[PDB]
>>> print(open('start_28.cif').read())   # mmCIF, C-alpha atoms and all ligand atoms; chains and numbers go by the auth columns
data_start
#
loop_
_atom_site.group_PDB
_atom_site.id
_atom_site.type_symbol
_atom_site.label_atom_id
_atom_site.label_comp_id
_atom_site.label_asym_id
_atom_site.label_seq_id
_atom_site.Cartn_x
_atom_site.Cartn_y
_atom_site.Cartn_z
_atom_site.B_iso_or_equiv
_atom_site.auth_seq_id
_atom_site.auth_asym_id
ATOM 1 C CA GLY A 1 93.528 -105.434 26.224 0.00 252 A
ATOM 2 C CA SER A 2 91.938 -105.169 22.793 0.00 253 A
ATOM 3 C CA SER A 3 91.810 -108.244 20.518 0.00 254 A
ATOM 4 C CA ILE A 4 92.710 -106.026 17.493 0.00 255 A
ATOM 5 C CA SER A 5 95.987 -107.100 15.817 0.00 256 A
ATOM 6 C CA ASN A 6 97.040 -103.692 14.495 0.00 257 A
ATOM 7 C CA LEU A 7 95.562 -100.779 16.441 0.00 258 A
ATOM 8 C CA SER A 8 97.275 -98.195 14.199 0.00 259 A
ATOM 9 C CA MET A 9 95.219 -99.592 11.298 0.00 260 A
ATOM 10 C CA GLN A 10 91.775 -99.546 12.942 0.00 261 A
ATOM 11 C CA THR A 11 90.557 -96.542 10.887 0.00 262 A
ATOM 12 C CA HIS A 12 89.684 -96.668 7.169 0.00 263 A
ATOM 13 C CA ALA A 13 91.680 -93.472 6.660 0.00 264 A
ATOM 14 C CA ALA A 14 94.894 -95.007 8.094 0.00 265 A
ATOM 15 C CA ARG A 15 94.461 -98.194 6.025 0.00 266 A
ATOM 16 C CA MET A 16 94.089 -96.078 2.886 0.00 267 A
ATOM 17 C CA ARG A 17 97.379 -94.264 3.654 0.00 268 A
ATOM 18 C CA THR A 18 99.298 -97.555 3.427 0.00 269 A
ATOM 19 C CA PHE A 19 98.371 -97.880 -0.280 0.00 270 A
ATOM 20 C CA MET A 20 100.526 -94.952 -1.460 0.00 271 A
ATOM 21 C CA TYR A 21 102.973 -97.448 -3.068 0.00 272 A
ATOM 22 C CA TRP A 22 100.312 -100.044 -4.091 0.00 273 A
ATOM 23 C CA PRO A 23 101.234 -101.231 -7.575 0.00 274 A
ATOM 24 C CA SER A 24 98.800 -99.761 -10.125 0.00 275 A
ATOM 25 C CA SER A 25 99.001 -103.039 -12.090 0.00 276 A
ATOM 26 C CA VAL A 26 96.983 -104.899 -9.399 0.00 277 A
ATOM 27 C CA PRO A 27 93.318 -105.171 -10.524 0.00 278 A
ATOM 28 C CA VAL A 28 91.837 -104.695 -7.008 0.00 279 A
ATOM 29 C CA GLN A 29 91.735 -101.063 -5.740 0.00 280 A
ATOM 30 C CA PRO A 30 92.874 -99.677 -2.332 0.00 281 A
ATOM 31 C CA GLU A 31 89.342 -98.464 -1.585 0.00 282 A
ATOM 32 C CA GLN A 32 87.902 -102.020 -1.853 0.00 283 A
ATOM 33 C CA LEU A 33 90.701 -103.493 0.285 0.00 284 A
ATOM 34 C CA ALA A 34 90.669 -100.844 3.028 0.00 285 A
ATOM 35 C CA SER A 35 86.871 -101.132 3.288 0.00 286 A
ATOM 36 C CA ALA A 36 87.239 -104.858 3.979 0.00 287 A
ATOM 37 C CA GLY A 37 89.751 -104.212 6.812 0.00 288 A
ATOM 38 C CA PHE A 38 92.948 -104.700 4.772 0.00 289 A
ATOM 39 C CA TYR A 39 96.095 -102.578 4.715 0.00 290 A
ATOM 40 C CA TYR A 40 99.237 -102.835 2.511 0.00 291 A
ATOM 41 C CA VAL A 41 102.342 -104.350 4.119 0.00 292 A
ATOM 42 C CA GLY A 42 104.701 -102.872 1.529 0.00 293 A
ATOM 43 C CA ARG A 43 105.685 -106.082 -0.352 0.00 294 A
ATOM 44 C CA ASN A 44 104.280 -107.224 -3.734 0.00 295 A
ATOM 45 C CA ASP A 45 100.445 -107.178 -3.388 0.00 296 A
ATOM 46 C CA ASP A 46 100.413 -108.567 0.199 0.00 297 A
ATOM 47 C CA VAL A 47 97.709 -107.197 2.529 0.00 298 A
ATOM 48 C CA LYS A 48 96.770 -108.031 6.141 0.00 299 A
ATOM 49 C CA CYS A 49 93.567 -107.482 8.143 0.00 300 A
ATOM 50 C CA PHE A 50 93.924 -104.998 11.026 0.00 301 A
ATOM 51 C CA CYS A 51 91.628 -107.079 13.260 0.00 302 A
ATOM 52 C CA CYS A 52 92.436 -110.803 12.638 0.00 303 A
ATOM 53 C CA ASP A 53 95.938 -110.456 11.064 0.00 304 A
ATOM 54 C CA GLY A 54 94.842 -112.662 8.136 0.00 305 A
ATOM 55 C CA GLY A 55 97.068 -112.133 5.070 0.00 306 A
ATOM 56 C CA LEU A 56 96.060 -112.278 1.395 0.00 307 A
ATOM 57 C CA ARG A 57 97.985 -111.952 -1.866 0.00 308 A
ATOM 58 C CA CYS A 58 97.884 -112.604 -5.633 0.00 309 A
ATOM 59 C CA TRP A 59 94.733 -110.522 -6.224 0.00 310 A
ATOM 60 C CA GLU A 60 92.968 -111.193 -9.491 0.00 311 A
ATOM 61 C CA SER A 61 90.402 -109.331 -11.577 0.00 312 A
ATOM 62 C CA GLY A 62 86.939 -109.809 -10.117 0.00 313 A
ATOM 63 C CA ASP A 63 88.177 -110.735 -6.612 0.00 314 A
ATOM 64 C CA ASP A 64 85.934 -109.320 -3.889 0.00 315 A
ATOM 65 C CA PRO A 65 87.992 -108.629 -0.726 0.00 316 A
ATOM 66 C CA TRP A 66 84.927 -109.198 1.508 0.00 317 A
ATOM 67 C CA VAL A 67 84.294 -112.592 -0.013 0.00 318 A
ATOM 68 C CA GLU A 68 87.996 -113.529 0.358 0.00 319 A
ATOM 69 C CA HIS A 69 87.909 -112.346 4.013 0.00 320 A
ATOM 70 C CA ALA A 70 84.989 -114.686 4.756 0.00 321 A
ATOM 71 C CA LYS A 71 86.431 -117.606 2.765 0.00 322 A
ATOM 72 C CA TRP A 72 89.784 -117.734 4.624 0.00 323 A
ATOM 73 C CA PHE A 73 89.229 -115.902 7.936 0.00 324 A
ATOM 74 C CA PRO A 74 85.597 -116.585 8.882 0.00 325 A
ATOM 75 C CA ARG A 75 86.022 -115.963 12.652 0.00 326 A
ATOM 76 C CA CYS A 76 87.358 -112.391 12.267 0.00 327 A
ATOM 77 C CA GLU A 77 85.312 -110.061 14.575 0.00 328 A
ATOM 78 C CA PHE A 78 85.531 -107.098 12.157 0.00 329 A
ATOM 79 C CA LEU A 79 84.198 -109.249 9.293 0.00 330 A
ATOM 80 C CA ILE A 80 81.317 -110.587 11.414 0.00 331 A
ATOM 81 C CA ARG A 81 80.277 -107.137 12.692 0.00 332 A
ATOM 82 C CA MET A 82 80.471 -105.483 9.252 0.00 333 A
ATOM 83 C CA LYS A 83 78.894 -108.161 7.075 0.00 334 A
ATOM 84 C CA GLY A 84 77.100 -110.394 9.587 0.00 335 A
ATOM 85 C CA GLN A 85 77.327 -114.083 10.473 0.00 336 A
ATOM 86 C CA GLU A 86 74.686 -114.844 7.767 0.00 337 A
ATOM 87 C CA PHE A 87 77.104 -113.556 5.084 0.00 338 A
ATOM 88 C CA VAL A 88 80.044 -115.494 6.514 0.00 339 A
ATOM 89 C CA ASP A 89 77.931 -118.673 6.704 0.00 340 A
ATOM 90 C CA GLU A 90 76.859 -118.252 3.055 0.00 341 A
ATOM 91 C CA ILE A 91 80.461 -117.866 1.794 0.00 342 A
ATOM 92 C CA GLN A 92 81.644 -120.754 3.997 0.00 343 A
ATOM 93 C CA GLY A 93 78.827 -122.931 2.613 0.00 344 A
ATOM 94 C CA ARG A 94 80.389 -122.703 -0.863 0.00 345 A
ATOM 95 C CA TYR A 95 83.307 -124.806 0.499 0.00 346 A
HETATM 96 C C1 LIG B . 96.659 -123.664 5.224 0.00 1 B
HETATM 97 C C2 LIG B . 95.503 -122.741 4.817 0.00 1 B
HETATM 98 O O1 LIG B . 95.967 -121.782 3.863 0.00 1 B
HETATM 99 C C3 LIG B . 95.002 -120.817 3.448 0.00 1 B
HETATM 100 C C4 LIG B . 95.071 -120.601 1.914 0.00 1 B
HETATM 101 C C5 LIG B . 94.972 -119.063 1.801 0.00 1 B
HETATM 102 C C6 LIG B . 95.544 -118.561 0.483 0.00 1 B
HETATM 103 N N1 LIG B . 95.894 -117.117 0.577 0.00 1 B
HETATM 104 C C7 LIG B . 95.881 -116.333 -0.521 0.00 1 B
HETATM 105 O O2 LIG B . 96.220 -115.165 -0.434 0.00 1 B
HETATM 106 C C8 LIG B . 95.434 -116.850 -1.857 0.00 1 B
HETATM 107 N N2 LIG B . 95.045 -115.679 -2.635 0.00 1 B
HETATM 108 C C9 LIG B . 93.819 -115.542 -3.174 0.00 1 B
HETATM 109 O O3 LIG B . 92.998 -116.421 -3.029 0.00 1 B
HETATM 110 C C10 LIG B . 93.497 -114.284 -3.958 0.00 1 B
HETATM 111 C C11 LIG B . 93.025 -113.192 -2.979 0.00 1 B
HETATM 112 N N3 LIG B . 92.483 -114.539 -5.015 0.00 1 B
HETATM 113 C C12 LIG B . 93.027 -115.293 -6.168 0.00 1 B
HETATM 114 C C13 LIG B . 96.532 -117.665 -2.544 0.00 1 B
HETATM 115 C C14 LIG B . 95.993 -118.180 -3.890 0.00 1 B
HETATM 116 C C15 LIG B . 97.049 -119.088 -4.535 0.00 1 B
HETATM 117 C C16 LIG B . 98.384 -118.338 -4.716 0.00 1 B
HETATM 118 F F1 LIG B . 99.345 -119.259 -5.164 0.00 1 B
HETATM 119 F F2 LIG B . 98.207 -117.333 -5.681 0.00 1 B
HETATM 120 C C17 LIG B . 98.887 -117.699 -3.405 0.00 1 B
HETATM 121 C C18 LIG B . 97.798 -116.812 -2.772 0.00 1 B
HETATM 122 C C19 LIG B . 96.366 -116.509 1.829 0.00 1 B
HETATM 123 C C20 LIG B . 97.871 -116.486 1.825 0.00 1 B
HETATM 124 O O4 LIG B . 98.483 -117.222 1.070 0.00 1 B
HETATM 125 N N4 LIG B . 98.503 -115.622 2.643 0.00 1 B
HETATM 126 C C21 LIG B . 99.961 -115.489 2.685 0.00 1 B
HETATM 127 C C22 LIG B . 100.588 -116.546 3.607 0.00 1 B
HETATM 128 C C23 LIG B . 100.721 -116.045 5.057 0.00 1 B
HETATM 129 O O5 LIG B . 101.468 -114.816 5.051 0.00 1 B
HETATM 130 C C24 LIG B . 100.997 -113.806 4.267 0.00 1 B
HETATM 131 C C25 LIG B . 101.263 -112.484 4.640 0.00 1 B
HETATM 132 C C26 LIG B . 100.776 -111.446 3.860 0.00 1 B
HETATM 133 C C27 LIG B . 100.040 -111.722 2.711 0.00 1 B
HETATM 134 C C28 LIG B . 99.780 -113.029 2.338 0.00 1 B
HETATM 135 C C29 LIG B . 100.264 -114.070 3.120 0.00 1 B
HETATM 136 C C30 LIG B . 95.847 -117.209 3.102 0.00 1 B
HETATM 137 N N5 LIG B . 95.856 -118.645 2.911 0.00 1 B
HETATM 138 C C31 LIG B . 95.349 -119.428 4.044 0.00 1 B
HETATM 139 ZN ZN ZN B . 89.936 -109.941 9.531 0.00 2 B
#
>>> encode(input="start_28.cif", output="C-alpha cells")
Amino acid sequence: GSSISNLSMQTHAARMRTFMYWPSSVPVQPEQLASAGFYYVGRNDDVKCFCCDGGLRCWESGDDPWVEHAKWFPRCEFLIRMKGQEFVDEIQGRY
C-alpha cells in the first residue's frame, strides 16, 4: 500500500493534536514542527516524520524544522513534494 509511515498523522491537524503535552520550555513551536511533517511521540522533545519516520530531538533556538528535515532525511517524499528537490539539494550541499 502507501509508503507513508504513520497514516494517522498525515494531516496537519492530527500532527498538531500530538503537541498537547509538548514542553513549553522547548524553543521550537508545534506549528513549525507540524508544518514540516513532524508529530510528538510523547517523550522529552522527540518528534518523528509521518512520511519517512525520521526522528529528531534536542531542538535549539533558531532551529528550522524544514532545514533539519532536509539535512538528515533528504529522500523523504513529503519533504521533496513540499519544498522541492532544489531546496533539499541546497541544504545537502552545505555538508
Ligand atoms: C548515523 C546518522 O545519525 C544522524 C544524526 C542525526 C541527529 N539527530 C538529531 O536529532 C540531532 N538533533 C538536532 O540536530 C537538533 C534538531 N538541532 C540541534 C542530534 C544533535 C546532537 C544531540 F546530542 F543533541 C542529539 C540530537 C537525529 C536523532 O538523533 N534521532 C534520534 C535517534 C533515533 O531515534 C529517535 C526517535 C525519536 C527522536 C529522535 C531520535 C537523527 N540523527 C541521524
Ligand atoms: Zn520525512
>>> residues_near_ligand(input="start_28.cif", ligand="ligand ZN 2 (chain B)", cutoff="12 Å", atoms="only C-alpha atoms and all ligand atoms", output="number ranges by chain")
A: 254-257, 260-261, 284-290, 298-307, 316-334, 339
>>> atom_distance(input="start_28.cif", atom1="CA of residue 264 (chain A)", atom2="CA of residue 279 (chain A)")
17.7 Å
>>> atom_distance(input="start_28.cif", atom1="atom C3 of ligand LIG 1 (chain B)", atom2="CA of residue 282 (chain A)")
23.6 Å
>>> resolve_selection(input="start_28.cif", expression="the PyMOL selection byres (((chain A and resi 291) around 9) and not hetatm)", output="ChimeraX atom specification")
/A:266-273,281,284-285,289-290,292-294,296-299
>>> write_last_selection(input="start_28.cif", atoms="C-alpha atoms", output="short mmCIF file (atom, residue, chain, number, x, y, z; two decimals), in the coordinates of the input")
data_model
loop_
_atom_site.label_atom_id
_atom_site.label_comp_id
_atom_site.auth_asym_id
_atom_site.auth_seq_id
_atom_site.Cartn_x
_atom_site.Cartn_y
_atom_site.Cartn_z
CA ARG A 266 94.46 -98.19 6.02
CA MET A 267 94.09 -96.08 2.89
CA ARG A 268 97.38 -94.26 3.65
CA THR A 269 99.30 -97.56 3.43
CA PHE A 270 98.37 -97.88 -0.28
CA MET A 271 100.53 -94.95 -1.46
CA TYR A 272 102.97 -97.45 -3.07
CA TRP A 273 100.31 -100.04 -4.09
CA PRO A 281 92.87 -99.68 -2.33
CA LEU A 284 90.70 -103.49 0.28
CA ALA A 285 90.67 -100.84 3.03
CA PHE A 289 92.95 -104.70 4.77
CA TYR A 290 96.10 -102.58 4.72
CA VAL A 292 102.34 -104.35 4.12
CA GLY A 293 104.70 -102.87 1.53
CA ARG A 294 105.68 -106.08 -0.35
CA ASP A 296 100.44 -107.18 -3.39
CA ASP A 297 100.41 -108.57 0.20
CA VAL A 298 97.71 -107.20 2.53
CA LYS A 299 96.77 -108.03 6.14
#
>>> axis_aligned_box(input="start_28.cif", around="ligand LIG 1 (chain B)", padding_each_side="6 Å", output="AutoDock Vina command-line options")
--center_x 97.0 --center_y -117.6 --center_z -0.5 --size_x 21.0 --size_y 24.2 --size_z 23.4
>>> atom_distance(input="start_28.cif", atom1="atom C21 of ligand LIG 1 (chain B)", atom2="CA of residue 337 (chain A)")
25.8 Å
>>> residues_around(input="start_28.cif", residues="residue 312 (chain A)", least_positions_apart="3", cutoff="10 Å", atoms="all atoms listed in the file", output="NGL selection string")
:A and (277-279 or 315)
>>> closest_residue(input="start_28.cif", among="A:341, A:336, A:313, A:346", to="ligand LIG 1 (chain B)", atoms="all atoms listed in the file")
A:313
>>> decode(input="start_28.cif", residues="region 252-325 of chain A", atoms="C-alpha atoms", output="mmCIF file, in the first residue's frame")
data_model
loop_
_atom_site.group_PDB
_atom_site.id
_atom_site.type_symbol
_atom_site.label_atom_id
_atom_site.label_comp_id
_atom_site.auth_asym_id
_atom_site.auth_seq_id
_atom_site.Cartn_x
_atom_site.Cartn_y
_atom_site.Cartn_z
ATOM 1 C CA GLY A 252 0.000 0.000 0.000
ATOM 2 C CA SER A 253 1.011 3.555 0.844
ATOM 3 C CA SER A 254 4.678 4.359 1.591
ATOM 4 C CA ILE A 255 3.570 6.672 4.472
ATOM 5 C CA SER A 256 4.954 5.544 7.865
ATOM 6 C CA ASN A 257 2.141 6.884 10.048
ATOM 7 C CA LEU A 258 -1.167 7.262 8.212
ATOM 8 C CA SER A 259 -2.932 8.614 11.325
ATOM 9 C CA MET A 260 -0.513 11.569 11.211
ATOM 10 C CA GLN A 261 -0.911 12.513 7.534
ATOM 11 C CA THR A 262 -2.960 15.665 8.304
ATOM 12 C CA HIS A 263 -1.527 18.867 9.818
ATOM 13 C CA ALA A 264 -4.473 18.971 12.220
ATOM 14 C CA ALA A 265 -3.710 15.483 13.631
ATOM 15 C CA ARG A 266 0.010 16.291 13.996
ATOM 16 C CA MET A 267 -0.888 19.441 15.930
ATOM 17 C CA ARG A 268 -3.047 17.401 18.356
ATOM 18 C CA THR A 269 0.006 15.388 19.449
ATOM 19 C CA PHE A 270 1.625 18.556 20.881
ATOM 20 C CA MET A 271 -0.850 18.969 23.764
ATOM 21 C CA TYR A 272 1.894 17.875 26.229
ATOM 22 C CA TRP A 273 4.836 19.476 24.319
ATOM 23 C CA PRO A 274 7.079 21.081 26.925
ATOM 24 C CA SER A 275 6.710 24.880 26.781
ATOM 25 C CA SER A 276 10.443 25.194 27.566
ATOM 26 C CA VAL A 277 11.393 23.922 24.067
ATOM 27 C CA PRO A 278 12.249 26.917 21.818
ATOM 28 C CA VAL A 279 10.695 25.420 18.635
ATOM 29 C CA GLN A 280 6.861 25.657 18.402
ATOM 30 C CA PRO A 281 4.335 22.897 17.493
ATOM 31 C CA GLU A 282 3.152 24.898 14.477
ATOM 32 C CA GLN A 283 6.667 24.908 12.915
ATOM 33 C CA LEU A 284 7.157 21.182 13.589
ATOM 34 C CA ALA A 285 3.741 20.009 12.368
ATOM 35 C CA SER A 286 4.148 22.075 9.184
ATOM 36 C CA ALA A 287 7.388 20.222 8.440
ATOM 37 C CA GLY A 288 5.671 16.808 8.828
ATOM 38 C CA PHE A 289 6.632 16.171 12.474
ATOM 39 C CA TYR A 290 4.474 14.911 15.330
ATOM 40 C CA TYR A 291 5.277 14.498 19.070
ATOM 41 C CA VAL A 292 5.969 10.956 20.294
ATOM 42 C CA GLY A 293 5.322 11.830 23.938
ATOM 43 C CA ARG A 294 8.915 11.620 25.299
ATOM 44 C CA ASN A 295 11.219 14.600 26.024
ATOM 45 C CA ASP A 296 11.285 16.728 22.816
ATOM 46 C CA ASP A 297 11.373 13.721 20.418
ATOM 47 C CA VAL A 298 9.456 14.110 17.134
ATOM 48 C CA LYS A 299 9.068 11.812 14.101
ATOM 49 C CA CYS A 300 8.062 12.499 10.483
ATOM 50 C CA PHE A 301 4.730 10.934 9.456
ATOM 51 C CA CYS A 302 6.060 10.098 5.975
ATOM 52 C CA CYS A 303 9.720 8.926 6.360
ATOM 53 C CA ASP A 304 9.721 8.015 10.106
ATOM 54 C CA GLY A 305 12.851 10.154 10.626
ATOM 55 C CA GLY A 306 13.264 11.168 14.291
ATOM 56 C CA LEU A 307 14.708 14.417 15.671
ATOM 57 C CA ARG A 308 15.396 15.698 19.182
ATOM 58 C CA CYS A 309 17.293 18.302 21.243
ATOM 59 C CA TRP A 310 15.727 21.304 19.470
ATOM 60 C CA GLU A 311 17.571 24.565 19.923
ATOM 61 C CA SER A 312 16.684 28.226 19.464
ATOM 62 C CA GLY A 313 16.842 29.157 15.796
ATOM 63 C CA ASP A 314 16.447 25.566 14.521
ATOM 64 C CA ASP A 315 14.327 25.398 11.371
ATOM 65 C CA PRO A 316 12.482 22.038 11.212
ATOM 66 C CA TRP A 317 12.439 22.133 7.378
ATOM 67 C CA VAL A 318 16.179 22.605 7.225
ATOM 68 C CA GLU A 319 16.713 19.768 9.753
ATOM 69 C CA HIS A 320 14.366 17.522 7.699
ATOM 70 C CA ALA A 321 16.483 18.077 4.574
ATOM 71 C CA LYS A 322 19.815 17.753 6.409
ATOM 72 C CA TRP A 323 19.105 14.295 7.909
ATOM 73 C CA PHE A 324 16.294 12.783 5.802
ATOM 74 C CA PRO A 325 16.829 14.130 2.273
#
